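Protein chains in written order, with UniProt numbering: chain A, 280 to 835; chain B, 1 to 171; chain C, 14 to 141. One structure is given below, encoded as structure tokens.
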Amino acid sequence: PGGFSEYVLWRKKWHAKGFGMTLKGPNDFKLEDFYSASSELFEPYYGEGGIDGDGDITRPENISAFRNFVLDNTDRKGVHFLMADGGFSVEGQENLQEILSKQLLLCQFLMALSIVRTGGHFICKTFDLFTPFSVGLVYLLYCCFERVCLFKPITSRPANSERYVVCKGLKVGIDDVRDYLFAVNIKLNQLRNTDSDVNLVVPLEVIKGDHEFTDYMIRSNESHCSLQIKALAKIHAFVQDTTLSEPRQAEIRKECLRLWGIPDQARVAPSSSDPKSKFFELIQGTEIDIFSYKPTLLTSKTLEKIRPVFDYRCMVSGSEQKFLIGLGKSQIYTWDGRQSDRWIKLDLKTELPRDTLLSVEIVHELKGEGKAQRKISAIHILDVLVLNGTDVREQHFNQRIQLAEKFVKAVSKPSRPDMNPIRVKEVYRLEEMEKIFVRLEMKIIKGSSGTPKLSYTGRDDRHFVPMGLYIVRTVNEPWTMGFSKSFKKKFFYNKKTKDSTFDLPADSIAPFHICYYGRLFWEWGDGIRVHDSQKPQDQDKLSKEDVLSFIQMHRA
Amino acid sequence: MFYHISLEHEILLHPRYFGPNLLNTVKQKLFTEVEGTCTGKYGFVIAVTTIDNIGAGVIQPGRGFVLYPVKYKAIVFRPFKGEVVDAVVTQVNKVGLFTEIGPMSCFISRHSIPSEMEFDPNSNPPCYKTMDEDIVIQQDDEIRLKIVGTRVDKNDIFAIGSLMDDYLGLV
Amino acid sequence: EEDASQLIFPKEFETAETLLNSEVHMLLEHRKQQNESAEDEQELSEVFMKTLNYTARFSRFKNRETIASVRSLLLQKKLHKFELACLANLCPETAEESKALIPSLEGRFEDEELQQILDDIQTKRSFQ
Numbered sequence: 280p281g282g283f284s285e286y287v288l289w290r291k292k293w294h295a296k297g298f299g300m301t302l303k304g305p306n307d308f309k310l311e312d313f314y315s316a317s318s319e320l321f322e323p324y325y326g327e328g329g330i331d332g333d334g335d336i337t338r339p340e341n342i343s344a345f346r347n348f349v350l351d352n353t354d355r356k357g358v359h360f361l362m363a364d365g366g367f368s369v370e371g372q373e374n375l376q377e378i379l380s381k382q383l384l385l386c387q388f389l390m391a392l393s394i395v396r397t398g399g400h401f402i403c404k405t406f407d408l409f410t411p412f413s414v415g416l417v418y419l420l421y422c423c424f425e426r427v428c429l430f431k432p433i434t435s436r437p438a439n440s441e442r443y444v445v446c447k448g449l450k451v452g453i454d455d456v457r458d459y460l461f462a463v464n465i466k467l468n469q470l471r472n473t474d475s476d477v478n479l480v481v482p483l484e485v486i487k488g489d490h491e492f493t494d495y496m497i498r499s500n501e502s503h504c505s506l507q508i509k510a511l512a513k514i515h516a517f518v519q520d521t522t523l524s525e526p527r528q529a530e531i532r533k534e535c536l537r538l539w540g541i542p543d544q545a546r547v548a549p550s551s552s553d554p555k556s557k558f559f560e561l562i563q564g565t566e567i568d569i570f571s572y573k574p575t576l577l578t579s580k581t582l583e584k585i586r587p588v589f590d591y592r593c594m595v596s597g598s599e600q601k602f603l604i605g606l607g608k609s610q611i612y613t614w615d616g617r618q619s620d621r622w623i624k625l626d627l628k629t630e631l632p633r634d635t636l637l638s639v640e641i642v643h644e645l646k647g648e649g650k651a652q653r654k655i656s657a658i659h660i661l662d663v664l665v666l667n668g669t670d671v672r673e674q675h676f677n678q679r680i681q682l683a684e685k686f687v688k689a690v691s692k693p694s695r696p697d698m699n700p701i702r703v704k705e706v707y708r709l710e711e712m713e714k715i716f717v718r719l720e721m722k723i724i725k726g727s728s729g730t731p732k733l734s735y736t737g738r739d740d741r742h743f744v745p746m747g748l749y750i751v752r753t754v755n756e757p758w759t760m761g762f763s764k765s766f767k768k769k770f771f772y773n774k775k776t777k778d779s780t781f782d783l784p785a786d787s788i789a790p791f792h793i794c795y796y797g798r799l800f801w802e803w804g805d806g807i808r809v810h811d812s813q814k815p816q817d818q819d820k821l822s823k824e825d826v827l828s829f830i831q832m833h834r835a
Numbered sequence: 001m002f003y004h005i006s007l008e009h010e011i012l013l014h015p016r017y018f019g020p021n022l023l024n025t026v027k028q029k030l031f032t033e034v035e036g037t038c039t040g041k042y043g044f045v046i047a048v049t050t051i052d053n054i055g056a057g058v059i060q061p062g063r064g065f066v067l068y069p070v071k072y073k074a075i076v077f078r079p080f081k082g083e084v085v086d087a088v089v090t091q092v093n094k095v096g097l098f099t100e101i102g103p104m105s106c107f108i109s110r111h112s113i114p115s116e117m118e119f120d121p122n123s124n125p126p127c128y129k130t131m132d133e134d135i136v137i138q139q140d141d142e143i144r145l146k147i148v149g150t151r152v153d154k155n156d157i158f159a160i161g162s163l164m165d166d167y168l169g170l171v
Numbered sequence: 014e015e016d017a018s019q020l021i022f023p024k025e026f027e028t029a030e031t032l033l034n035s036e037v038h039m040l041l042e043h044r045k046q047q048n049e050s051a052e053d054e055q056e057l058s059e060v061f062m063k064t065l066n067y068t069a070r071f072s073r074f075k076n077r078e079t080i081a082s083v084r085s086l087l088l089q090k091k092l093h094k095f096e097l098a099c100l101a102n103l104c105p106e107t108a109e110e111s112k113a114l115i116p117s118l119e120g121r122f123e124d125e126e127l128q129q130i131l132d133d134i135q136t137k138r139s140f141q
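Here is the structure:
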């Protein structure tokens, strides 16, 4: 049940995205029992068929499928590190544990070589390493990574054969070893229930030819053997005498928790908080009226407000703006910003970690046109305040959007096409609003009686009906961005002190409340021409040409 | 079907509500009492087109209010058994389908929906779709349903639609 | 007891005169305009709003002259009021669909004449 991932996610919050595969059944993942996290933080993928697979890592189909999945969600680079902790019951034949799980070990090393990015790390649980098969696998890891070691932590029980192999810095050009181990695993699958077996993956002469590797391997095996022998005899003596005990367990545990930075406080806090109380907890005394501010409509009378241009970013809206709070798993609630409105539970199949506070809109995404058109409701994030517990409201708007893409890439669902997608809005520089209109198309929407409707097409082959365009200021009070024609670079100018700098001043950063309060909205209703096929241009309403001309005049 | 018929209704006017203009009060009374109503024999009373004839006012013996028999052209609607009607989908459910025909709620059970149109809560809008995903019946769609029949009730003729026969489903 | 597939109507719905969706939209919008003027009169029923918006979404004949032309072209055809209104509202494109949506049109008109009438409908349909 992803205890490793529970630690990593509890320590990294929304700043980590995890991909998990394990055997289905009684020992499957338990997402709902993670102290932190959510289904859209540690996303399980069970091989061929996606979430309908069995998760058997020893199947070539599952290996290739999970590899493709991980690559598709890591910019085709792979994961920064992989952890493997595979094991199963060897009751009645415990002494043959290493042999009985040789294929599991090989498949975990192969998965490391398959999804770990260059320079990435890898930690895997092993057992006894007496056979040349396991030692050859360790030798392959030692050839593939920049540094390898065999380690047994004190949280591994001293009487068992459990240890861990720790690998850092995956080398470039390990693909031949990857293909070779894939083929070896296939042969292993073909020799099941037969009298044959793959007994060597690296010739004994090659392993012993490296004197340093063999010296380390022998010394590790022998020191672990002596410690385990002492621990086993100790357990036996404690069986033959039930009065014996270690009187130091409490103090040792205390010191270990202090050393590792693990707080000595239980899980027991279901946080069955109502969304309103949790919202007040998360805003930490910030005035609630800040969340009720309506946007300033962009008109010919308010066009001068966007005069700096470089101070602003813009995004295409598809629905009314709402606030969203995540209390863990499917306990997601939305609020429309008015003190009188109640928090409404979100009727979408999606999950999000606790202690998450977002500014979102709920968009109807469309794929295809006409009678074949499919429609999906999606959460489109406009801005972020708190994610999974760490506050980001005071960070720069682009940084909040990047951390939003961080968490949001994490809060996604490729293995569960049955879940509602979460996305960040595409943020444009105001001096580049021209790029938005290139993505506006007139498409035949299901139920429009054949009338084409204006549609904004995103990064995938989906589109939505736009309601308008938000303009958000990202530079603070009497701080503004100009463009230096001599240096061909943007610079920050302080209107009060008259100072100028090419670096980002800390006090020029617009926090969330400034960005939200100062935002403008350019509605895209009837009579407004933003695409050349729809020209009922109401002369009192700003067109795309008017706004673009104003922007061009004030870029210089 | 949207109908333009003539209907007869009787209005009770009490002497406190005569006023200087008496017939305008009757017209307002008729536009108040019968607009938006529904009867089991005449269907959804949408609106009154033109108040044609105002009858003679019979003073009820002992009572004070006068009674006006009134004939009026009216726009109404009545669901029918077997009539193919366009509709707007309001909700897709694993049990049935909530659609609307004007003000009428129409419930199309999945048992009378062919095996091709399966239900999927897994799409973000729970919808009806096939494995080819060509016909995607979801919320706020323009569909056609052949009315199996209608539950004629007090101020309600909510109907049951069909998708079993040919050319039924998404427009 | 009643059946719209074989024109089985009650005796009350014998003098029932049908209306087109665009006709209903126009008349109810005129009623809404009357409600806009002539103050000291409250809003109409929820049924009024629902029917008005419902027939506004499904309106096919955007012009009253189009309504008159369709009514003149179909009223001179040997049809019942119900069949005429259903054809002018559903607006099928193939004669097979015309006979399938309305099973009471079996043999009323020749299928080539029926296809001519459907093509006339598609000619007089105000596109959007």
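Heads up, the beta-carbon is just placed ideally off N, CA and C, and yes, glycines get one too.
C-alpha gap between residue i and residue j, whole angstroms
i: B/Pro-121; j: A/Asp-697; result: 8 Å
i: B/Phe-77; j: B/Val-89; result: 19 Å
i: C/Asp-133; j: C/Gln-19; result: 25 Å
i: B/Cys-38; j: A/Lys-555; result: 43 Å
i: C/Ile-115; j: C/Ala-17; result: 9 Å
i: B/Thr-150; j: C/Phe-22; result: 14 Å
i: A/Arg-355; j: A/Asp-331; result: 23 Å
i: B/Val-26; j: B/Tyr-72; result: 12 Å
i: A/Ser-812; j: A/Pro-745; result: 15 Å
i: C/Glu-59; j: B/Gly-36; result: 7 Å
i: B/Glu-10; j: B/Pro-61; result: 17 Å
i: A/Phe-676; j: A/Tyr-325; result: 37 Å
i: B/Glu-83; j: A/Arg-338; result: 56 Å
Residue i and residue j closer than 8 Å at C-beta
i: A/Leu-606; j: A/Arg-633; result: yes
i: A/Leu-385; j: A/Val-451; result: no
i: A/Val-427; j: A/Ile-486; result: no
i: B/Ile-5; j: C/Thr-64; result: no
i: A/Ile-453; j: A/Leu-392; result: yes
i: A/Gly-366; j: A/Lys-309; result: no
i: A/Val-706; j: A/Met-594; result: yes
i: B/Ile-143; j: B/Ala-87; result: yes
i: B/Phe-2; j: C/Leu-57; result: no
i: A/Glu-648; j: A/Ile-655; result: no
i: A/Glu-319; j: A/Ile-701; result: yes
i: A/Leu-288; j: A/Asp-335; result: no
Under 9 Å from the C-beta of residue i: neighbouring residues of chain C
i: B/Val-88; result: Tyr-67, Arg-70, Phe-71
i: B/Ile-160; result: The premise fails here: B/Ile-160 is roughly 14 Å from chain C at the closest Cβ pair, so nothing lies under 9 Å.
Partners in chain A for residue i, counting only beta-carbon separations shorter than 9 Å
i: B/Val-136; result: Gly-647, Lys-650, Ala-651, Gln-652, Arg-653, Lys-654, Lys-725
i: B/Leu-97; result: Near B/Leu-97 there are no residues of chain A at all, since even the closest Cβ is about 16 Å away, more than 9 Å.
Neighbourhood of residue i by C-beta, 7 Å cutoff - its chain only, sequence neighbours within 5 removed
i: C/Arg-73; result: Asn-34, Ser-35, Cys-104, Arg-138, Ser-139
i: C/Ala-108; result: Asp-124, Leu-127, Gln-128, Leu-131
i: A/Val-349; result: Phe-298, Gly-357, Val-358, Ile-394
i: C/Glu-15; result: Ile-21, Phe-22, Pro-23
Chain F contact for residue i (CB, 8 Å cutoff)
i: C/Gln-47; result: Chain labels in this structure do not include chain F; the protein chains are A, B and C.
Sequence-distant residues of its chain with Cβ nearer than 8 Å to residue i (five each side left out)
i: C/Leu-87; result: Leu-97, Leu-100, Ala-101, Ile-130
Chain B contact residues for residue i, given Cβ-Cβ distances below 8 Å
i: A/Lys-628; result: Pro-121, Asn-122, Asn-124
Cross-chain neighbours of residue i in chain A, by beta carbon under 7 Å
i: B/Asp-141; result: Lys-725, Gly-726
Amino acids of chain C, ordered along the chain, whose beta-carbon sits closer than 8 Å to that of residue i
i: B/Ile-5; result: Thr-28, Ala-29, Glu-30
Chain-ordered chain A contacts of residue i [CB-CB under 8 Å]
i: C/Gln-141; result: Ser-727, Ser-728, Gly-729, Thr-730
Residues of its chain near residue i, where Cβ-Cβ distance is below 6 Å and the 5 sequence neighbours each way are ignored
i: A/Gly-399; result: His-359, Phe-360, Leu-449
- prompt: Using a Cβ cut-off of 8 Å, which residues of the UniProt region "Interaction with POLR2A" (727-835) of chain A contact any Cβ in chain C, in chain order?
  reply: Contact annotation: in the UniProt region "Interaction with POLR2A" (727-835) of chain A, residues whose CB is within less than 8 Å of a CB in chain C are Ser-727, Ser-728, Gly-729, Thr-730.
- request: For the segment 17-39 of chain C, enumerate the residues whose C-beta is nearer than 9 Å to any C-beta of chain B, in chain order.
  value: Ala-17, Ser-18, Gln-19, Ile-21, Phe-22, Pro-23, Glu-25, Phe-26, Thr-28, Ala-29, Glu-30, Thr-31, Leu-32, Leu-33, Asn-34, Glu-36, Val-37
Chain B contacts made by the segment 674-708 of chain A, where a contact means CB separation under 9 Å: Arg-695, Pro-696, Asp-697, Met-698, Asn-699, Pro-700
- prompt: Quick one, which residues of the segment 121-136 of chain B are near chain A if we go by CB-CB under 8 Å, in chain order?
  reply: Under the 8 Å Cβ criterion, the segment 121-136 of chain B contributes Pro-121, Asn-122, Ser-123, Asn-124, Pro-125, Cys-127, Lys-129, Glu-133, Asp-134, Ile-135, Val-136.
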